[PDB]
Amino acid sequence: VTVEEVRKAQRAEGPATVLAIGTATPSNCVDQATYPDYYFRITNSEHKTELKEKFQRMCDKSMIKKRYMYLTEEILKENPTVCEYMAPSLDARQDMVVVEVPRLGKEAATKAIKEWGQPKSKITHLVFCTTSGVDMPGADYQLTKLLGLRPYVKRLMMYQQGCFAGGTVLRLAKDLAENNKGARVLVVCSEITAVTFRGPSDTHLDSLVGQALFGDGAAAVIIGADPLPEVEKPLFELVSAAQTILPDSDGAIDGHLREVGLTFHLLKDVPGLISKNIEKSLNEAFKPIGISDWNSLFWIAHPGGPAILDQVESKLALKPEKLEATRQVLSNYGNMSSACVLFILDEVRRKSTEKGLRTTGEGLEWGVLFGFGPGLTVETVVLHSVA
């Protein structure tokens, strides 16, 4: 037998297809309205009255109503170094997220697999993504053990990538599914802010921004090409996937894993940089297939913060309806990093089904999924809806 013959028999035929979506969050629901009172109490910072006033404004303008957090008051009372702005606490943080990340990931994966309707032994690939903690063997191994997947599942562990990774994992699963016949890829993004939670500082307001925006959550997706008729139910098709680094964006967002845990730094105008350059990525993606009206697409954008959405909306003159699904998730979950865009994808097909629309993409044919993160990196995924 020749290599050319193996290649022919080994590869799939059709486009990568989203076959199921499942989501999960911690049980502790934290409402944004009174978070500043709670936050400044548990971090023993109630004497910092002016800084609390600043934080109240941050939360009021975050356009977040609630978040879900693994960290509770009880847990934080047992981990006082985590409550400090900067105290040695990495070990404490790691002990938490090394367990919680794959645990929450399992919940999302179970729901996705349940929707899927196929035996979990049919899962051939696993892409696990997180920005919360690192370990060897990784969370991918732990999840495989918790779920009881086949030991010969082909795993890819994606650590410490940040907010754009939601697009990255789809970009990955696409090539895995399309290049391997019978391949069914379980994608899981799980994020826990226990690694980034910390007390307030008067001279580090960019770190406070994180405390106002980031929430916990996990999302899982099954992806495969050549869907089995009747048995499997396509939701979306992955058409193409691009990644790029924005011009003049060096050091805009930095995150370092230190003895004090994961630190968060903002140096440049992230909303300005994204809105200034995003149309270039839209052109690159959609010019080949003859689309120039961005309002004719159904949208999924990472809600890093409300300012990104507002300025992208303004720059492109998007109708308010376009980013409704995005803003809805931001409102009800906050910024769950890499998992966000998968929650939003789930929201789009939900509202489409509920409204009884022509397609899973709000009745539209083509869509776009955006991830934004450190780099500054922009992930662009072209989507097609299903009837």
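One rule holds for the numbers: they count along the sequence shown, beginning at 1.
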(request) Output the stretch having the higher mean C-alpha B factor in the entry; the candidates are 360-368 and 5-13. (result) 5-13
(message) Regarding 14-22 and 374-382, which shows the higher C-alpha temperature factor on average in the entry?
(response) 14-22
(request) Could you check 214, 298, 116, 128 and tell me which one carries the biggest Cα B-factor in the deposited entry? (result) 116
(request) Would you mind checking which of 274, 90, 291, 220 has the top Cα temperature factor in the PDB entry? (result) 291
(message) Split into thirds by Cα B-factor across the chain's modelled residues, where does residue 50 land: lowest, middle or highest?
(response) highest
(message) Per the entry's values, where does residue 335 land by CA temperature factor relative to the rest of its chain, in the lowest, middle or highest third?
(response) middle
(request) Could you say whether, by C-alpha temperature factor, residue 238 belongs to the lowest, middle or highest third of its chain? (result) highest
(request) Would you please rank residue 318 by its C-alpha temperature factor against the other modelled residues of its chain and give the third it falls in: lowest, middle or highest? (result) highest
(request) Ordered by C-alpha B-factor within the chain, which third holds residue 280? Give me lowest, middle or highest, please. (result) highest
